[PDB]
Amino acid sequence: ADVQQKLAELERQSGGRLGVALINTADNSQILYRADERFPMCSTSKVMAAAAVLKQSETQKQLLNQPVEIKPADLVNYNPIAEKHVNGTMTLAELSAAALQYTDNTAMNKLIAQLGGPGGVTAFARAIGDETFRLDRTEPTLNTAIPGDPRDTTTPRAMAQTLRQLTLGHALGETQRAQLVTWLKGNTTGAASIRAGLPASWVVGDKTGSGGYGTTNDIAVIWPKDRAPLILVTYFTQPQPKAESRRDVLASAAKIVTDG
């Protein structure tokens, strides 16, 4: 019948564990499902790392223009942008775009290094009021997504709140907020995830993630047709190490929580 029932019926037929947090900024209402349980972020953690580098650029104006060397040994498991630049450079702007819009894992490692390692990402989270997020490893091991493992996890609630502050609130300066929103709206990887459960007319900026244990995630800012923005986090993970991706579950969850 209701939203909670529907989400449980979806979760029961999915094989896995679903976590959802919606924030409707028209009235600050929320829809929550396992929203205080921990789920492996996978590449959704790239948002926090890019945002931390944007916050650095508020006091280092030139920062995003800074070139960073890419060497053969830096390449990891999925490098669609960085492989073009091996033995050359990418700017911090380019690395941020590559990480967010093309989910390049070499680029994420450069962002993490610019922050002083995974703990620097976590420190930024804490500085913007997020006490839950934790980044412990680099790419690609941050995606192992082992059930029960606290490394590289957050909760749906916390990530929805943070995404709201970063994209709609004042965690970042105005220029930086607008650049983050531009980046997320230009994502290439999201049309099968949250976006697939929403009407054609609605506009999305999002960051997907995928990892071990069939982990399939998406975090989005949604500009519905003729309505105030929504923030939606959908996290999903499965019991078998080699499970396949289930973007369709995320799309179904997004439809359930936005139908009413």
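Residue numbers here begin at 1 and follow the sequence given.
For the pair 65 to 73 and 188 to 196, the record assigns the higher mean C-alpha temperature factor to 65 to 73. Stretches 249 to 257 and 2 to 10 differ in mean CA B factor, with 2 to 10 having the higher one. Among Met41, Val233, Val47, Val203, the highest C-alpha B-factor recorded in the PDB entry belongs to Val203.
Of the residues listed, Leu100, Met159, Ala107, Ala171, the entry assigns the biggest Cα temperature factor to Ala171. Ranked by C-alpha B-factor against the other modelled residues of its chain, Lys207 falls in the lowest third. Ranked by Cα temperature factor within the chain, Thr216 sits in the lowest third according to the deposited record.
Looking at the C-alpha B-factors along this chain, the one for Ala228 belongs to the highest third. Placement of the Cα temperature factor of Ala26 within the chain: highest third of the modelled residues, per the deposited record. Sort the modelled residues of the chain by CA B factor and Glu94 lands in the lowest third.
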